Each structure stands twice: as C-alpha cells, then as structure tokens.
Amino acid sequence: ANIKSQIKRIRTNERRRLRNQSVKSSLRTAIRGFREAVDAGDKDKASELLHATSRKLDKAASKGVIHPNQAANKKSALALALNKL
Amino acid sequence: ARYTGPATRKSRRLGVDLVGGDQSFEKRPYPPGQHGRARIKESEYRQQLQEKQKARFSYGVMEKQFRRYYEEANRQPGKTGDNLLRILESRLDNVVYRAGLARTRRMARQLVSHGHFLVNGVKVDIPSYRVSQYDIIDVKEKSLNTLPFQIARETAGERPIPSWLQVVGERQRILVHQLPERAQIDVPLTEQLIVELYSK
Amino acid sequence: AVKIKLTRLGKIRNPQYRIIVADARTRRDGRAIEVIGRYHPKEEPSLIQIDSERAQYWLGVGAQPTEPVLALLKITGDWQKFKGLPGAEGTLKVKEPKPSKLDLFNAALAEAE
Amino acid sequence: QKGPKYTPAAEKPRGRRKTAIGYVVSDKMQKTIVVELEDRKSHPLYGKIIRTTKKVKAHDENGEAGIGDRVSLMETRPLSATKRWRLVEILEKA
RNA sequence: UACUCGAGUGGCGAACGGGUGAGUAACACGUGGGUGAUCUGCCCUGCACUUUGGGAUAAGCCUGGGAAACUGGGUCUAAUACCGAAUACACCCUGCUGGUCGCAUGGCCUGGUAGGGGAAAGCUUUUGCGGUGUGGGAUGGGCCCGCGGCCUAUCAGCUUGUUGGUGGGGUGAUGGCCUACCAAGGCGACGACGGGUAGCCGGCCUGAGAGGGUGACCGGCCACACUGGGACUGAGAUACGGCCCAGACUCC
Numbered sequence: 002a003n004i005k006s007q008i009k010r011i012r013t014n015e016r017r018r019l020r021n022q023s024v025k026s027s028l029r030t031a032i033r034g035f036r037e038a039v040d041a042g043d044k045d046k047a048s049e050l051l052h053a054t055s056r057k058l059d060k061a062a063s064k065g066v067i068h069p070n071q072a073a074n075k076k077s078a079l080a081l082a083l084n085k086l
Numbered sequence: 002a003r004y005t006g007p008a009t010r011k012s013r014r015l016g017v018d019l020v021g022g023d024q025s026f027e028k029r030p031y032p033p034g035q036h037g038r039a040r041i042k043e044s045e046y047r048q049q050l051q052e053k054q055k056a057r058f059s060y061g062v063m064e065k066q067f068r069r070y071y072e073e074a075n076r077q078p079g080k081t082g083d084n085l086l087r088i089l090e091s092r093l094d095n096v097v098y099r100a101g102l103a104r105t106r107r108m109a110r111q112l113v114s115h116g117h118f119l120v121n122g123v124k125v126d127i128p129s130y131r132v133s134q135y136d137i138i139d140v141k142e143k144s145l146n147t148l149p150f151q152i153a154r155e156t157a158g159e160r161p162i163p164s165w166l167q168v169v170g171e172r173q174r175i176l177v178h179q180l181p182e183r184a185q186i187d188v189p190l191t192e193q194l195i196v197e198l199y200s201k
Numbered sequence: 002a003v004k005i006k007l008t009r010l011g012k013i014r015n016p017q018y019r020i021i022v023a024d025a026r027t028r029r030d031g032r033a034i035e036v037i038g039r040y041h042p043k044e045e046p047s048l049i050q051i052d053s054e055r056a057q058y059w060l061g062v063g064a065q066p067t068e069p070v071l072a073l074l075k076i077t078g079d080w081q082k083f084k085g086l087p088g089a090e091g092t093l094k095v096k097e098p099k100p101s102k103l104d105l106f107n108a109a110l111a112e113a114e
Numbered sequence: 004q005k006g007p008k009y010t011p012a013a014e015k016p017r018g019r020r021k022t023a024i025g026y027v028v029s030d031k032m033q034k035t036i037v038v039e040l041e042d043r044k045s046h047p048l049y050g051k052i053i054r055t056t057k058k059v060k061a062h063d064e065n066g067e068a069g070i071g072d073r074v075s076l077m078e079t080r081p082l083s084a085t086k087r088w089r090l091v092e093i094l095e096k097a
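Residue numbers (the UniProt record's numbering), protein chains in the order written: chain W, 2 to 86; chain R, 2 to 201; chain U, 2 to 114; chain A, 4 to 97.
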C-alpha cells in the first residue's frame, strides 16, 4: 500500500490468482468427471476422458502452476484405478 | 599520572638509597612527620608490601601497570619473580639510565618523555618502550645543544655502565647486546615476596 | 550465486579483508564456507595471498566473483589461469623484504668498529 | 564436435543405518512389536556406568516375532507415528 | 528526434538485509547421523532446440458517481504478458520383461519395451543480451532419529484421532497429515499428565582444578512484527515498511 512496486505487485498477483483459480477448477472438473466415469463403469469413456485429463495435467505442470511430482501422483491414481476397472 | 612527591619522602620512609645523592636521607633515615620516630608493626603483609613499594617507586611505574607486567611475567614459561624483573628492566628509560647519560631516574623518564631520542627512524616519546635484542638506538638531531646534557655526555663519571650495555657512538649511540639477568643485576629486594603478594 | 567475496576484519582505521567463497544471501561479516585468501590494502604494495588451486576449483563449480576480487585474480593471473587468454601471468608485487634485525645490528658493530 | 548428452552421477555411498538388539515384550497390536532396548552409558558427573531402559516399537510385514524373543533391528524411514524401526531377523529364540 | 523520460503495462528484486526476546521446556538449540523419503530461481557446465497461429486490454481519449480515499462504463493501442496448435520422444503415467546391488518395502544398468502426453521470445548495433526442455554440478534448504542442557508428587494417574492396521485423499516427500472402516491399544516411578520460570549455543565471569553462575558486545540458529486467525502470489513467504477478516486503540 505504501510502496508503489507493491501496489503494482498487488494488482499483478490478483490477475495471477484469478488465472490459477480457473486452471485448478478446470482440472478439478476433469478429475470429478473421470471418477464418476470410473464409478459408473464406462471404461470406454474412462479412457476417452483420461486422455484429456492427462494432457491437461501435463500442461498444467508445464505452466509451473503445480509441480510435476503432484501431477504424477494424480496421473498415477487415475491410471491405477482405470487398470483396476 | 606521573609521580610528583619528594624523592626524600619514600626514602626516609622505607630506608634505601635509590636516588644516590640524598644527604637528607643520610641525615634522617628515620621516617618523617610527627610520629617519624615512632615504631611500626611487623608482619608478612608489611614486608611483601614494602618490596613492591620500593621497586615500583624506584622505577616510576604504578601499581596497576606493574600488575600488568606481572600478568605477562607469570604468563611466560619461565619463573615469575626473575622473569618479571627481566621484563621490568627491559624498559627504555632504565636502560639509558644504566648507560649513564642521565642523572636521575626522573631525568631518564623526562628525556624519553620529551622525545629527545630517535630510534631506527621514528620519534619515540614513549617512557616505557620495550627494547628486545638488537635494537639500534641512535639519538636525534637536536640532542647536541642541550646544555646540561652536553655536560652529561662530556663528564659522565657517575654510576658505571653494566655488562649488557655499551656505547659505540661518537653521537652517544647506546646499544643492547643481551638482556639483563638477575645474577649480574645485583639490585635491591628480590621479587619472590612480590610473586607471593600478587598471587595471594 | 556462491559469490567469491571480500569480508572486512580488524579495527576502525586499517581494514584487512579475507577472500571467502560463500552464498550471496549472507551478510558482510557473516558465516562462510571457506576462507581462501586475504588482502591488506593499508600498505601501498597491498599484500595479496590467494590459494590458487582452491580458487580455480570454486570458479569451476560455478562461483561468480565481484569486480574487485576479479581485479585481484586478474592481477595474480588466477582469472587468467582459468581462462588462458595470454597465460597465467603473475603480475604480483611481493613486497620488498627489509634488512633484517641481525644484519642491521652487525652492520652497526662493523661500522662502529 | 559434440559433447555427451548424458553424464552419470558420482558414486554415492548409501549410508549405514544403525541396529539395536533387544527383548520383545508385546505383539498386542497388528504387525508391530515393542522392544526394550538397553545401553550402558556413564553418568557424566559421578562417572558411574548406568543401565537404562528404552521402549522402541518395530514392524514386520509377515508377523514372525512373538514375545520372549531376542531380535535384530534396523532403523528406517517412519512407517508411522512412533514407528521408526524394522525387524531384521528373530535372533536368539526362547 | 529519440540521447532521454512523468505515468502505464511487462520482468526482476522485495522472503535477503535491519531490529526485539513477549511466547516457547519444543528436534527450539548444540553435536553426531539418515534420506532407497525430498525441492532448488540465481552461477557454471554439457546435449538437443528456439517453428507457427490468435484474441483482448491497461495507458491514452469521452463521460458519470463520491467530501476524500476511489470507483464505474464507452472507446483504442503493444509486447519477452495471457491463450492456442505443432515438435521433444533426453522427461513423465501405466502394462510385460533380462541382469545387478541390497538393508524390506526397493535402488541401479540415460536397460529393453506395447503404448499415452508434455516445450519455448524476441530485442540489439555493441565487451553484445537472450528464451525452452533435459542430464550432471555447486549453494540454499524441508523431513526423521540418537544424545546433552532448570525447579517442582505439597503435580499419579493420563490417553479416543489416542494407539497400530486396510482403502483412499494430501504435500516437494515419509507420515493419523486428513478421511470412512477393523482390533483396543498406548504412556507412566528412568516421573506421564500438570504448574512456575526461561529463548538456545560458540561464548563471558570465577576457580588450583573440577564445578558453579551466566547468555553485555560480535557470530550462528529459533520465535515475533498492535492483538488472533487465513489464504494468495510465487523457485522460496512468521510475507515488519503486502492482502482479507474480528477486535482494541488514534485521526479525518
């Protein structure tokens, strides 16, 4: 509030947060759909949406929004429960 | 804070020739004052006090600075009393007194005080400088026209030069060769009681 | 980065600097990793002692000195020993050692007699 | 001229964990046991040599260890809270 | 006209540095370890690259509202900003499999392998600066453990997310760190659970020596920023001179 760089930085981080909230919400939609697919047993749709969610996680980590270790644990859970169903 | 009182005073008190030419000392060795004839109590403490009293009043230094020299002396690997005495004799002014350029210990103190020496290319107005082996003490430039010192250098027939000094200078250039040692010093009271006091 | 620095030491008038290799997020007289040299400017030919091998190591691993240290390394040729542009050329003025105590006093004796 | 894309990492000595050697007291939980380890230190003031006592909870995947045993143990990463060690081998039966 | 530059976007720094010792009897500190249980902008080192496509806006201009702090809409412009797509097949998810070292899960041979995906930015006329993924460094750190360091039973019972386990979630990572479920277990006379005090250490003072006291200065760690909480951005935040909320306190 008292440093002008901090003011600029405020509005900047507001923009950034907005962007990243939207990113995470989208990813969360993707995984919720995948879990519902697995849970009703559309194995076809399971893979047909897994491909989407997997590319989505990869390019999420690529933007530095989240770490590749996190993205890997996510994809691992997806892949494993798809293997089990 | 240099001392200022009569040299006769401590002399009449404790009873030692330290100045040399003290006819009042010869005339009245008893202590001064109203009870100057009166009698004093004996102990270990009085003796051990009187020891350092005589020494440090002979040489001018104060109690606390003597204690600093003592800390160094028992910090040495040698032995406290005699190495203290070697330290204490290593002073500049005492060296030049035993060389004999000066009349009184006060006078040597004053000479070194007023910057009348010139040691290896630096003015040294330091009445307590420590002189190790191989120290070429030349004297300064204006040292010539000091009148009582002219008489001094000319007819310096007072107390002799000891073994560990010499003058190899037409300009009265005094040099150290070895350091003082107590077997050859032969000065008044030895410092064992001093050691016992300062490590009381 | 792990910058090769000079750090102050001593008293108010005459500084004496130690050549250290530490992180940039330290402070001026703070913790180090390796004291490797030093630098005494207060005398005009300005003593400089630099453990050459260890400086070469630290330049290899990815250090990045500041300008004054770089000047010193180029003086000694350590930067030039790392980069080999002309060669590892020592420009270092070792200070003129003085006529020692013994030779002085023997000169006094032989002159006076 | 073209440097190697790859470079293997230096040989790292995989550190040497400790071991402790105690007497089992319980298997009243699942897949874990409690071991009363012991160490002879010296009292750092009066110099006397002192036996002490130390509970330490361990784990075995296959439940070999019973009560009244003498075991070998090795330290490992935390299996869970107040589980830090693992069994090596039931060492002197009884 | 751009040498230059108010303001603006855009990076970068601001988390270092600097201060205090209220709290804290805690892996907070000191020493010695472990990571097969982990992240690392910056600096260097290597390897392979740096293609194409697109929209909108801040400013500026017009205008409204408010006491001010500030906000609103219409219009317009730009990019290393945001967003796409195409490659990488060195990296990552999963399936099958040979060998090898182990200290068990496992680690390694850029292991092979059917197969799925993931990058990027252009300025510069002068010592020239860059940007992307990727392996190996060096530096910083996060996590766990042993051990040592005050008083007090006129502080004897304490414990239910507590103790172990299964399936999941969660973080950079192990982990009751969280979740529903199974057993009922755990801690304690070597002082739990409580109370009082207190930042820790290299050190400083004394002492023959042990030991006792003690934590000025300087150096290294921890914690704090009016009080109490929370999250964001981001390589990395107790985010002192940032945000939000509720108080208390001073002003308009």
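Cβ coordinates follow ideal geometry from the N, Cα and C atoms, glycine included.
Checklist entry - Residues in its own chain within less than 6 Å of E35(U) by CB, not counting five upstream and five downstream? => result In the third sequence, residue 35(U) corresponds to position 34, counting from 1. For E35(U), where only same-chain residues beyond five positions count, the Cβ hits under 6 Å are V22.
Next on the checklist: Is there a C-beta anywhere in chain R that falls below 8 Å from the one on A109(U)?
Outcome noted: Looking up residue 109(U) in the third sequence gives position 108. Yes, because at least one Cβ of chain R sits closer than 8 Å to the Cβ of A109(U).
Item to check | Under the three-state DSSP convention, the category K53(R) falls into | outcome: What you label residue 53(R) is simply residue 52 of the second sequence in a count that begins at 1. If DSSP states are grouped into helix, strand and coil, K53(R) belongs with the helices.
Checklist entry - Looking only at C-alpha atoms, which of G6(A), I24(A), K31(A) and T10(A) sits nearest to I70(A)? => result Counting from 1 along the fourth sequence, the entry for residue 70(A) is found at position 67. Ranking the options by Cα distance to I70(A), first place goes to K31(A).
Item to check | Short Cβ contact (8 Å threshold) for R29(U) with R9(U) | outcome: In the third sequence, the residue the question calls residue 29(U) occupies position 28. In the third sequence, the residue the question calls residue 9(U) occupies position 8. Going by C-beta atoms, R29(U) is nearer than 8 Å to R9(U).
Next on the checklist: So if DSSP puts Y18(U) in a beta bridge, which residue, or which two residues, is it bridged to?
Outcome noted: As a first step, residue 18(U) is located in the third sequence; it is residue number 17 there, counting from the start. The partner list for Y18(U) (beta bridge, DSSP) reads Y40(U).
Next on the checklist: Going by DSSP in three states, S144(R) sits in which element: helix, strand or coil?
Outcome noted: The sequence position of residue 144(R) within the second sequence is 143, counting from 1. Here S144(R) sits in helix by DSSP.
Next on the checklist: So, for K96(U): in the same chain, excluding its five sequence neighbours on each side, which residues have a beta-carbon less than 6 Å away from its beta-carbon?
Outcome noted: Locating residue 96(U) in the third sequence gives position 95, counting from the first residue. These residues qualify, in order along the chain: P46.
Checklist entry - According to DSSP, what are the bridge partners of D63(A)? => result The sequence position of residue 63(A) within the fourth sequence is 60, counting from 1. Paired residue(s): none; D63(A) is not in a bridge.
Item to check | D24(U), DSSP secondary structure in three states | outcome: Counting from 1 along the third sequence, the entry for residue 24(U) is found at position 23. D24(U): strand per DSSP, three-state reduction.
Checklist entry - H62(A): buried (16+ other C-beta within 10 angstroms of its C-beta) or exposed? => result In the fourth sequence, counting from the first residue as 1, residue 62(A) sits at position 59. With 16 or more Cβ atoms within 10 Å of its Cβ, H62(A) is classed as buried.
Checklist entry - Is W165(R) helix, strand or coil when you go by DSSP? => result Counting from one through the second sequence, the residue named residue 165(R) turns up at place 164. Note: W165(R) maps to coil in three-state DSSP.
Item to check | Presumed contact (8 Å Cβ cut-off) between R174(R) and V132(R), rounded CB distance | outcome: Here residue 174(R) corresponds to residue number 173 of the second sequence, with the count starting at 1. Here residue 132(R) corresponds to residue number 131 of the second sequence, with the count starting at 1. Actually they do not touch by this definition, with Cβ atoms about 14 Å apart.
Checklist entry - Applying a beta-carbon distance threshold of less than 7 Å, which residues of chain R neighbour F106(U)? => result In the third sequence, counting from the first residue as 1, residue 106(U) sits at position 105. Within chain R, the residues near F106(U) are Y135 and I137.
Item to check | Cβ-based neighbour list, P66(U), same chain, cut-off 6 Å, excluding 5 preceding and 5 following | outcome: Counting from 1 along the third sequence, the entry for residue 66(U) is found at position 65. These residues qualify, in order along the chain: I5.
Next on the checklist: Within a Cβ cutoff of 8 Å, which residues of the same chain sit near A157(R), ignoring the five residues on either side of it in sequence?
Outcome noted: For the purposes of this step, residue 157(R) is taken as residue 156 along the second sequence, with counting starting at 1. For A157(R), where only same-chain residues beyond five positions count, the Cβ hits under 8 Å are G101 and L102.
Item to check | Contiguous beta strand (DSSP E) assignments of at least 3 residues, all confined to the UniProt domain "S4 RNA-binding" (91-157) of chain R | outcome: 118-120 and 137-140
Next on the checklist: What does the Cβ neighbour count give for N95(R), buried or exposed, with the cut at 16 atoms within 10 Å?
Outcome noted: If you number the second sequence from 1, residue 95(R) lands on position 94. Classification of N95(R): buried, given that the 10 Å Cβ count is 16 or more.
Checklist entry - Leaving out five residues before and five after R10(R) in sequence, what residues of the same chain have Cβ atoms less than 8 Å from its Cβ? => result The residue given as residue 10(R) occupies position 9 in the second sequence. Cβ within range, chain order: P33.
Next on the checklist: Between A2(U) and chain R, is any beta-carbon pair separated by less than 8 Å?
Outcome noted: The sequence position of residue 2(U) within the third sequence is 1, counting from 1. No, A2(U) does not count as interfacial toward chain R.
Checklist entry - Of the residues that make up the region 158-174 of chain R, which ones have a beta carbon closer than 8 Å to any beta carbon in chain U? => result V169, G170 and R174
Checklist entry - Since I137(R) contacts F83(U) with CB under 8 Å, what's their CB separation in whole angstroms? => result Taking the second sequence and counting its residues from 1, one reaches residue 137(R) at position 136. Taking the third sequence and counting its residues from 1, one reaches residue 83(U) at position 82. With a Cβ gap of about 47 Å, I137(R) and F83(U) do not count as contacting.
Item to check | 8 Å contact criterion, which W80(U) and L71(U) should meet: CB distance rounded | outcome: By one-based count along the third sequence, residue 80(U) stands at place 79. By one-based count along the third sequence, residue 71(U) stands at place 70. Indeed, because the Cβ distance is near 6 Å, the residues count as touching under 8 Å.
Checklist entry - Using a Cβ-Cβ distance under 8 Å, would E90(U) count as near chain R? => result As a first step, residue 90(U) must be located in the third sequence, where it is residue number 89. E90(U) does not count as touching chain R.
Checklist entry - Does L103(U) come within less than 8 Å of chain R when only Cβ atoms are used? => result Along the third sequence, one-based indexing puts residue 103(U) at 102. Judged by the 8 Å Cβ criterion, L103(U) is in contact with chain R.
Item to check | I51(U) (DSSP reduced to helix, strand or coil) | outcome: Taking the third sequence and counting its residues from 1, the one referred to as residue 51(U) is at position 50. Correct three-state label for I51(U): strand.
Checklist entry - When we look at the beta-carbon of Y4(R) and count the other beta-carbons within 10 Å, is it buried (16 or more) or exposed? => result What you label residue 4(R) is simply residue 3 of the second sequence in a count that begins at 1. Under this definition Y4(R) is an exposed residue.
Next on the checklist: Below 9 Å on C-beta distance, what does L176(R) contact in chain U?
Outcome noted: In the second sequence, the residue the question calls residue 176(R) occupies position 175. The contacting residues are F106, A109, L110 and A113.
Next on the checklist: Pairs of beta-carbons, one from the region 162-181 of chain R and one from the region 47-58 of chain R, closer than 8 Å: are there three or more?
Outcome noted: no
Checklist entry - Under the rule that 16 or more other beta-carbon atoms within 10 Å means buried, what is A38(W), buried or exposed? => result Indexing the first sequence from 1 puts residue 38(W) at position 37. Under this definition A38(W) is a buried residue.
Next on the checklist: Just to confirm before moving on: does the CB-CB distance between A62(W) and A53(W) stay below 8 Å?
Outcome noted: Taking the first residue of the first sequence as 1, we reach residue 62(W) at position 61. Taking the first residue of the first sequence as 1, we reach residue 53(W) at position 52. In this structure, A53(W) does not lie closer than 8 Å to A62(W) by Cβ.
Checklist entry - Between the Cα of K44(W) and the Cα atoms of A2(W), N3(W) and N84(W), which residue gives the shortest distance? => result Translated into the one-based positions of the first sequence, residue 44(W) becomes position 43. Nearest option by C-alpha distance: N84(W).
Item to check | Spatially closest choice to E95(A) from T79(A), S75(A), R89(A) and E41(A), by CA coordinates | outcome: For the purposes of this step, residue 95(A) is identified with residue 92 of the fourth sequence, where counting begins at 1. Among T79(A), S75(A), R89(A) and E41(A), the Cα nearest to that of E95(A) belongs to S75(A).
Checklist entry - Unbroken alpha helix (DSSP H) runs of length 4 or more, entirely within the region 52-110 of chain U: which are they? => result 53-62, 68-77 and 79-84
Checklist entry - In three-state terms, what does DSSP make of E41(A)? => result As a first step, residue 41(A) is located in the fourth sequence; it is residue number 38 there, counting from the start. Looking at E41(A) - three-state DSSP - the assignment turns out to be coil, as it is neither helix nor strand.
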